[PDB]
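Remarks on the overall topology
So the chains spell out like this:
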Amino acid sequence: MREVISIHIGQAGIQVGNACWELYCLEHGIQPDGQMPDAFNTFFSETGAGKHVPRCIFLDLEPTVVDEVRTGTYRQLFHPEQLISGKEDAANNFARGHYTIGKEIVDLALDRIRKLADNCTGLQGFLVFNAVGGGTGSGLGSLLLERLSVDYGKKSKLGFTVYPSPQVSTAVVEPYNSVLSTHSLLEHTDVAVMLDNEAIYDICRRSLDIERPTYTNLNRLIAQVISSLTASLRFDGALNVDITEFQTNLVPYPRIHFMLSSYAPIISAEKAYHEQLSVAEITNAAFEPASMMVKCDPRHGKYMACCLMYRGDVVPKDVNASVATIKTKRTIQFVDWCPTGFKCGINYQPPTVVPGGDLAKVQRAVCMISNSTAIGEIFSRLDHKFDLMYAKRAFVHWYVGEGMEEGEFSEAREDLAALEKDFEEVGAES
Amino acid sequence: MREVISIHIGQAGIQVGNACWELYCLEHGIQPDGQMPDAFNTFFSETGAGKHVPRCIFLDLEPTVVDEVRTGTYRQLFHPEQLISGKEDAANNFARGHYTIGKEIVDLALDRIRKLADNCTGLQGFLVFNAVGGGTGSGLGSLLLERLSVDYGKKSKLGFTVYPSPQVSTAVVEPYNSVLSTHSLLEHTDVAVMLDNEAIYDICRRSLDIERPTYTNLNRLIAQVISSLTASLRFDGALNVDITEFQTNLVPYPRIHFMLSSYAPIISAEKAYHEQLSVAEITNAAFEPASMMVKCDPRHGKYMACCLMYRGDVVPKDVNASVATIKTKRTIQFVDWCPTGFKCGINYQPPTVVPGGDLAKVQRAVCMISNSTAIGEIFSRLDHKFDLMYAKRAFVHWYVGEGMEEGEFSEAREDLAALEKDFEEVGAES
Amino acid sequence: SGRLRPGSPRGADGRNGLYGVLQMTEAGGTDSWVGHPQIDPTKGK
Amino acid sequence: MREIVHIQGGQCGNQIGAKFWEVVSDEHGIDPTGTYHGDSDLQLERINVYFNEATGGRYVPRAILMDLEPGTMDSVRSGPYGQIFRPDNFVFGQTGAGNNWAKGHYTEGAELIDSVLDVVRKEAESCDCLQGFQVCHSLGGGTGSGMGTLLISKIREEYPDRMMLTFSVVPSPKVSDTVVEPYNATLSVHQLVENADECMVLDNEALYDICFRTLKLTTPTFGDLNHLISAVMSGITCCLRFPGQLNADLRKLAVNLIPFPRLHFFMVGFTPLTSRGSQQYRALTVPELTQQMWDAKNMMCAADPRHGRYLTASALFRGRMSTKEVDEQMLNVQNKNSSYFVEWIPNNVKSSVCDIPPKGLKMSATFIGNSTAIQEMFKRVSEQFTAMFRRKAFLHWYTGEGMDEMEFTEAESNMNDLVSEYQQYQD
Amino acid sequence: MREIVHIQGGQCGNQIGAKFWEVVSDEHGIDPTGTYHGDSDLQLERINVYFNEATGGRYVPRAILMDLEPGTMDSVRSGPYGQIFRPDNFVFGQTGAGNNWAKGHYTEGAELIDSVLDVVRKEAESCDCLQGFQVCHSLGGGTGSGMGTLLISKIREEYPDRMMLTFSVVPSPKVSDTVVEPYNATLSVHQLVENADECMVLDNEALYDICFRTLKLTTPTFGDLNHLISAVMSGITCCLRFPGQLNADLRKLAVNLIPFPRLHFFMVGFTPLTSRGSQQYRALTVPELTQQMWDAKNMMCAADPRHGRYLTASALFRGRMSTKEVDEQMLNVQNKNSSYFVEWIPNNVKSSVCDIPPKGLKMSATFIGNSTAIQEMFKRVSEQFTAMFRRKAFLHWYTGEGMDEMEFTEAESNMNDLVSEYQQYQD
Ligand SMILES: Nc1nc2c(ncn2[C@@H]2O[C@H](COP(=O)(O)OP(=O)(O)OP(=O)(O)O)[C@@H](O)[C@H]2O)c(=O)[nH]1
Ligand SMILES: Nc1nc2c(ncn2[C@@H]2O[C@H](COP(=O)(O)OP(=O)(O)OP(=O)(O)O)[C@@H](O)[C@H]2O)c(=O)[nH]1
Ligand SMILES: Nc1nc2c(ncn2[C@@H]2O[C@H](COP(=O)(O)OP(=O)(O)O)[C@@H](O)[C@H]2O)c(=O)[nH]1
Ligand SMILES: Nc1nc2c(ncn2[C@@H]2O[C@H](COP(=O)(O)OP(=O)(O)O)[C@@H](O)[C@H]2O)c(=O)[nH]1
Ligand SMILES: [Mg+2]
Ligand SMILES: [Mg+2]
């Protein structure tokens, strides 16, 4: 059966996953204790008599974010010993989370992975949730993905990593942590999905018209992106898209696997009655640059490949009609060597809305994830800011003391240089 | 399918629009919330289940008039992002409306016509409402028609425009804004209709018999003029006329497109019972100067082309007889090179009375739109007062401070100067 | 023992399939267009 | 088995044919649903001329409805007898002509006329033998004038051996429904002289006078006007849809009435027009039918027959009639006023008899006249054209679609040539 | 007593065949429970072509469902008419090909085909006479294309004298549903040309045009496209299931439609397709279906038949009809556009008559056309493969499953050779 294991690393992994698992219970009717009053098999495990346990581990060195789940309203849904904790956090240091304090915890993590892998019959992928800005999500996140690749070869892994914003930075050593984190994201993860905070901040102020959004509002709609992506394994439709289907259609080159994300219909409550929800205009809203979940302009680069995760009552003619109008517009640009650039997937269940959420009930939904050459500027601003602080050797003595030495900054830098020339050479016309 | 997009700029545009969209709901049974308890496609788009949203925009720099729509009885009818607001008003400065504080709103505006353009199937024209007396109506009106020309080419933008009266004026700087806005109005607007406040003041005093009319009572009969000429697209008749029918039949020369307006049975409640309203009687009363929307004597000029739009129980013979009676009469004088001076349009639905309004329920009404040579007397009036203030260079430092240079006033003067020779050349016999 | 199957979308008038359209039954029903492809019956003046 | 394919063009053309298919089906007995309910075998004997047999007894007309504004197809569909037409024959566009001849002929005509000829060639190739095409339009508009003459010129190239019976509503002298009536007419008549095999000129001002003087109708609507022209169109093809004593089909009248190829415009009148009050007083006999036939007011064209000589006139008598009063009354109208007839044609007038009358009426006749008095109708429109053309009024719109000023001169040159040819034989 | 084994591959094959097995079961009058409830003895006369006798009168189909994703086989068993298929034919995998032609053929497909080959050998040896094999798949996929063409290779080397009808949905040039459409299609054609005896070409945009233009359907859903494809496959084998005046089985059409062994790709449209509002207006006659038969819009392949000459065309008329009316219409279309047919094979289009029509139809026809106009479709796939192969984009998934660079060059080699031979005979 369709089985996926979602690992959650760092505080941003837990907070996104806590909102992600909030949406999963409402879609499949699971009461928060874990008693339902065969779609549950993708994310939940049958357990004895009327009990369902999630196929996830909430691992974080910081105890206070995990302990919120233990004392929260989902104390009985999760397995008590899946929620791996630690003594002290990584203190936003890649060196601590990967070498010193993350070594004794990652061995307990792979023991949890093996028991969850033996329970599932056919495992289809790993959804890793972390942020490259922090020490735990980068240091322990790279450590977890190293052991998972050797333990499980040729098996797909999807990376939903939150990257620093150009204007908003909640910590100082985020450019240092992201460069070290992205060293592992190339050779280990087969699909990486870029995320950014200030872009989702810009969506909430305009589309959701909320004036001061919090992290909870950001986490609730990124959950809708995950649930729209995995909806084909749970709910069937006209054109199903597997998890293993994503790698063949969106990764043309082995080192090119970073993808933007976009959820097209994002409409508040009173807005929806006046708005005409149609297949054509939602597809047009999907490609609109302010609907990107990552702070980037798609007009700067050219689209390499795209996948359209349609949901709800969508006839396959209308998506065929909508895609044709998308190709005709000159405002977007496709790369010259890829005439067949669109993946379409239709699911027949509309996305459920959580009570009290900002999103309103919509009959149709389109999740837009594309591989683009415009993603190169997102790595460039992190590359340039990294070299500014590394020029005068700032915040290095923290990394020097705990395991790492001065060399590993150079190989992490020049691997991003190989990434930067990869996007420019491939996107160039031949 | 037929549909028209209504655009209302400025406080004069919104207040007519409040009276306009009050009227359009009455012919189609739309309640103020927006639920009908299929001829509405010209003005309303069927959204979702049983909700209609107007095909309009309410844009104004001054927020004090757009929020009255938002807080009024038509809160639920209009889409909230459809109504466009601004931080500060133009303060009757054309330079502010065109250069300084006008560019930041027009970018948001053109994204909103575009979404109404994609929602609608086959567009017939744009109905633009503005007044040249104010900086918002002139400045933003001049910008908006220019952007619609380069985006939607050869689409008949049919305009209704309010002009300063000789006897009564509400602002000192009206002649500067009128001349500047007219220069953009020649090269952009395909069909423009002349409106003047003091003639309607005489209409309210003489025909409707109201001693103190207000601006609300003015726009109520103005909206009847808008609804009558567009009623042919909404409801079938014996001789229907479209928006494209007007431009190819009432515009003899590409710069001579300034057509007058007149209405028939402008008759109060108690006056309607005693009045014997017949097709011959209402045609004669249409061409009287008392029923003219603009304070200009048509006896001084020659009618180049006139169009009659009849509504109600009009047999086509009686309108055919009324054409012969007007042309035989010596007082109404036509130009020597246009024997076919008239166009008849018959619609089968009588005008709908606004409840609580001053107009009465009437079976038959005629909207008289005429292209005459007496419009040049209005433009000779505005040319004289413009030269009086410009000689001493009065109220110019407001304009040249806010972006403009001195040269725009002279070129607008010369361009408007060539209009009165053009109206004299077209009127002179040969 | 299976998969959740949501209802496949039906547009209007309960057209379950091409049974009537092929096998020549239930004639006289509404169509998508009669003239230009944009227009539809019962919509107009 | 002499089939006629009918095409309706424009707002006026759709409305005149809407009443036309209502009348001719009422004569043949087809209900608005489509079945047959006549009480005579002769009604169903010749239905192939205007209807196609379908499965289950349904009859579909050989009608193609064309325009550019979807308002009129809403008018013909919502009106009675509007469900009989083929849904595939509803070919048109969405832009609207806007009463511009150049737009109706050049810009949107390229996309429209490709689809319409596919429908027309489907109707023509279905039937075994063609007699001709009966089109109806107006000359004052642009939706049926420019688009229709584009169709007529294109369909005569495809089928040159079949006749073209066109019905035109020309502009009025007294009034004008559109401002650009001289522009639309003079370009349309420039196209009708070389393409249409014969034309039957109609106009509202002659119909309005008939609806008030003879018919005495209180409220003549366009539905009232449409029935008068439609009553002719049934009577022209009466020898085709019905057997007759002296048969005269659509090619019989073509060679009889037309001396020269340029002179193919007719003034038409329907004879037994009575008011509701004067139904009992008037005795339906042939000699009083002839004086109403040759009355100037009974002509459905504004040209006055007294001003010019008749070249050749034809009469289509219907009913149980004997053929001396068919012939002596047509002989008597010659000798009573021989100055009003062309000298170099002996017995200018003409007649034929069909023994099947219309529904409920005993005697009827339809009059076709080719007189030189119609020159002042073309002289006036040419006079109205040259006044506007010198000042170039209402021309920046027409030159927008791509009509150069040379084509307007050539259209006016043909009008002066055509009006002089009628004056050539008048002397 | 002629049997064909039905095999469905991939999501496209399983969904089309499930709707296909609904139609022929409805045509043969058997309930979804599996018994017989028809009112005619002609329906039960030949059921062995599609159904095997079971105990209690159960009629199990000769269907073998083979795929990778277990959701697809769970979908067919959940829907109506899904209990007719035997679970011993439900062979399936777990991993899923993920639209990888190399994964469905070389690496993963080895562990499944040995199970599939045992099942298809069981169905073949049970019946006495094998007429052929009927498989349904697509070309842009990886489950039905990589593994489906592997089945064609193994079943032809073991049954070399038996027919092979492949109904394949080619990628659309206009719209792309996946990103690896030309990679999978050119590799699938590279295997199909030497193994598949008769290949049928379908595509989604031609089905969408028929449902909008001719059928005038408001919302043509995902299952509506399969129903017209189902109507195609029931029309090809109408000779086997029902008696006819002139017989034409699979081998009859094999020798007729195939001049040379490499040219076997065909294209088929169903004839009596009308909108629900236009059923009562149309008259169904042999010339009426023939005109709709040769129209370009009625074809279920996006290749334009006006561009390329027809090498050989076949028609399978169904119902009681005059035989020369079918015959003279083939002579009628041979003379009206002889340039549209090929010259060195005179009398290209040739037909067959069956007296048993489908349910509710008085008359129908299934038209098979082997035309050189299909070469513009294959070069559209070929030019997309060459554009992607020069940059080696989306290629490391294929070479990770054991595919060397030589297989792509050979796939492009005979693809250009195939469009060369079609172009060579067009001259
Ligand atoms: N989308 C989203 N991002 C978050 C949220 N909370 C924190 N983040 C991101 O996470 C970053 C903070 O670093 P983390 O990766 O969370 O730190 P960590 O993994 O806990 O490592 P330590 O703090 O050393 O234990 C911030 O810059 C945010 O961008 C959240 O609720 N939603
Ligand atoms: N007919 C009519 N005219 C009005 C009405 N209200 C204002 N006007 C006229 O419109 C003129 C000014 O028009 P606008 O440009 O819209 O004024 P505005 O939008 O407030 O522009 P600013 O004052 O610069 O903000 C005034 O001189 C009035 O004569 C109204 O309700 N009806
Ligand atoms: N008899 C009759 N004449 C009509 C009708 N409708 C319009 N007309 C005439 O048509 C002329 C206007 O032409 P128009 O309809 O604009 O032509 P179009 O451009 O082809 O649509 C007028 O002089 C009317 O008298 C009708 O229903 N009956
Ligand atoms: N007409 C039709 N086309 C289909 C159907 N299912 C899939 N397709 C087409 O097949 C292509 C996708 O192939 P896919 O299902 O992934 O092949 P697979 O790898 O064998 O599962 C798309 O282009 C669809 O247009 C169907 O039921 N009907
Ligand atoms: Mg932390
Ligand atoms: Mg103001």
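What counts as what
Residues numbered from 1 in each chain as written, not as in the entry; some residues may be left out. Chains lettered and ligands numbered in written order. Part of a larger assembly, values for the part shown. Heavy atoms only, no water. Contact = heavy atoms within 4.5 Å. Buried area = accessible area lost by both parts, 1.4 Å probe. Salt bridge = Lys/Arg side-chain N within 4 Å of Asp/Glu carboxyl O. Nonpolar A, V, L, I, M, F, W, Y, C, P; charged D, E, K, R; others polar. Pairing = 2+ DSSP bridges. Helix = DSSP H or I, 4+ residues; strand = E, 2+ residues; numbered from the N terminus. Axes fitted to C-alpha atoms, helices over the stretch in contact; angles between N-to-C directions. Parallel < 35°, antiparallel > 145°, perpendicular 65-115°, else oblique. Left-handed = near helix turned anticlockwise from the far one by under 90°. UniProt positions renumbered as here; feature names shortened; annotations may be inferred. Near = heavy atom within 4 Å. Polar contact = N/O pair within 3.5 Å; in protein donor to acceptor, adjacent residues only side chain to side chain. Areas by Shrake-Rupley, 256 points an atom, 1.4 Å probe, with all protein chains shown as cover. Core = buried A, V, L, I, M, F, W, Y, C linked by side-chain atoms within 4.5 Å. Buried < 20%, exposed > 50% of the residue type's maximum accessible area, 1.4 Å probe, protein only. Expected span 1.5 Å × (residues − 1).

- Judging from the entry metadata, cryo-EM is the method by which this structure was determined, and 3.7 Å is the reported resolution.

Thoughts on the interface of chain C and chain E
- Each partner contributes residues to the interface: chain C has 22 residues there, and chain E has 27 residues.
- Where chain C abuts chain E, roughly 2,400 Å² becomes buried across the two surfaces, and 57% of that area is made up of carbon and sulfur atoms.
- On the chain C side of the contact with chain E, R15, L18 and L22 of chain C bury the most area, a combined 24% of that side's loss.
- Where chain C packs against chain E, one counts one salt bridge.
- A salt bridge links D224 of chain E to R15 of chain C, with the nearest nitrogen and oxygen atoms 3.5 Å apart.
- Its residues assigned to classes, the side of chain C that touches chain E shows nine nonpolar, eight polar and five charged.

Here's the deal with the sheet that holds strand β1 (residues 3-9) of chain D
Residues and elements named next belong to chain D.
- Read from one edge to the other, the open sheet built from nine strands follows the order β4-β1-β5-β6-β7-β8-β11-β9-β10, with strand pairing classed as mixed. Each having just a single partner strand, β4 (63-66) and β10 (351-354) make up the two edges of the open sheet. Sheet twist, expressed as the average angle between the axes of neighbouring strands with direction ignored, equals 20°.
- Inspection of the sheet shows strand β8 (residues 265-270) paired to strand β11 (residues 364-371) by four bridges, in the antiparallel sense. When the sheet's bridge partners are listed, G269 is paired in β11 with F367.
- Across the face of the sheet, helix α1 (residues 10-28) comes into contact with β1, β4, β5 (130-138), β6 (163-169) and β9 (310-318) while running at roughly 140° to β1.
- With respect to the sheet, helix α6 (residues 146-158) is in contact with β1, β4, β5 and β6, its orientation differing from that of β6 by roughly 170°.

Topic: the sheet that holds strand β7 (residues 191-196) of chain A
Residue and element names in this part refer to chain A.
- Strand order in the open sheet formed by nine strands is β4-β1-β5-β6-β7-β8-β11-β9-β10, and the pairing between neighbours is mixed. Edge positions in the sheet fall to β4 (56-59) and β10 (342-346), since each of these pairs with one other strand and no more. Averaged over all adjacent pairs, the angle separating strand axes in this sheet is 20°, with direction ignored.
- Bridge count for strand β6 (residues 157-163) against β7 is six bridges, and the pairing is parallel. Its bridge partner being in β7, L158 is matched across the sheet by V191.
- Along the sheet face, helix α4 (residues 103-119) touches β1 (2-9), β4 and β5 (122-131) and points at about 170° away from the line of β4.
- Running over the sheet, helix α12 (residues 279-286) touches β8 (258-263), β9 (303-312) and β11 (364-372) and is turned about 35° from β11.

What to know about the packing of helix α4 (residues 103-119) of chain B against helix α5 (residues 135-151) of chain B
Residues and elements named next belong to chain B.
- Close contact between α4 and α5 brings their axes to 11 Å; oriented N to C, the two are set at 45°. On the basis of their axis angle, the class for α4 and α5 is oblique. The hand of the α4/α5 crossing is right-handed. The residues of α5 that touch α4, namely those facing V106, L110 and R114, are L144, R147, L148 and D151.
- Looking at the contact of α4 with α5 residue by residue, the class counts come to four nonpolar, no polar and three charged.

Some details on the UniProt feature "binding site: Mg(2+)" in chain A
Residues and elements named next belong to chain A.
- The feature "binding site: Mg(2+)", as given by UniProt, occupies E62 in the numbering adopted here.
- Of note, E62 is situated in the loop between β4 and α2 (63-71).
- With sequence-adjacent residues up to four places away left out, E62 is seen in contact with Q11 and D89.

A few points about the environment of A272 of chain A
Residue and element names in this part refer to chain A.
- Position of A272 among the secondary structure elements: in helix α11 (residues 269-274).
- Between the C-alpha atom of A272 and that of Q333, which follows or precedes it by 61 residues, the distance is 31 Å.
- Among residues more than four places away in sequence, those in contact with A272 are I267, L277 and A360.

Structural notes on the site of ligand 4
All names here are of chain E.
- Around ligand 4, the surrounding shell holds 18 residues, and the nearest of these are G142, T143, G144, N204 and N226.
- The separation between a nitrogen atom of ligand 4 and a polar side-chain atom of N226 is 2.4 Å.
- About the coverage of ligand 4: the protein hides 93% of its 580 Å² of free accessible area.
- Of all the secondary structure elements, the ones that give two or more residues to the shell around ligand 4 are α1 (10-27) and α8 (222-236).
- Looking at the shell around ligand 4 element by element, the count peaks at five residues for α1.

Brief notes about the nonpolar core
- Among the nonpolar cores identified, the biggest contains 197 residues, and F258 and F287 of chain B are the most heavily contacted of them.
- Sequence-distant contacts of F258 of chain B, defined by excluding residues within four places in its chain, comprise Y163, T182, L185, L186, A192, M194, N371, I375, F379, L419 and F423 of chain B.
- Formed by 68 residues, the second largest nonpolar core is a distinct cluster that contains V91, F265, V326 and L418 of chain E.

Side note on the site of ligand 1
Residues and elements named next belong to chain A.
- Among the 20 residues in the neighbourhood of ligand 1, the closest are listed as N92, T136, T170, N197 and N219.
- Within the contact set of ligand 1, an oxygen atom lies 2.6 Å away from a side-chain nitrogen or oxygen of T170.
- Between ligand 1 and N219 there is a distance of 2.4 Å, counted from a nitrogen atom to a side-chain nitrogen or oxygen.
- Taking 650 Å² as the accessible area of ligand 1 by itself, protein coverage stands at 91%.
- It is helix α1 (residues 10-27) that provides the largest number of residues to the shell around ligand 1, a total of five residues.
- Each residue belonging to the shell around ligand 1 can be placed in one class, and the counts come to six nonpolar, 11 polar and three charged.

Some points on helix α4 (residues 110-126) of chain E
- Helix length check: α4 of chain E (17 residues) gives 25 Å between terminal C-alpha atoms against 24 Å at 1.5 Å per residue, within 8%.
- Taken residue by residue, α4 of chain E has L112, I113, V116, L117, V119, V120, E123 and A124 of chain E as its buried positions.

Looking at the pattern of salt bridges
All names here are of chain A.
- If you walk through the whole model with that rule in mind, you get 49 salt bridges over all chains.
- The salt bridge involving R234 is made with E27; its shortest N-O contact spans 2.7 Å.
- Residue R234 is classed as buried on the basis of its relative accessible area, which comes to 0%.
- Note on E27: relative accessible area 9%, which makes it buried.

A word on the packing of α1 of chain E against α8 of chain E
Residue and element names in this part refer to chain E.
- Closest axis-to-axis distance for the α1/α8 pair is 8 Å, and the angle between their directions is 55°. Considering the angle they form, α1 stands oblique to α8. Taken as a pair, α1 and α8 cross one another with a handedness that is right-handed. On α8, the residues that touch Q15, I16, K19, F20, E22, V23, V24 and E27 of α1 are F222, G223, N226, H227, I229, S230, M233 and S234.

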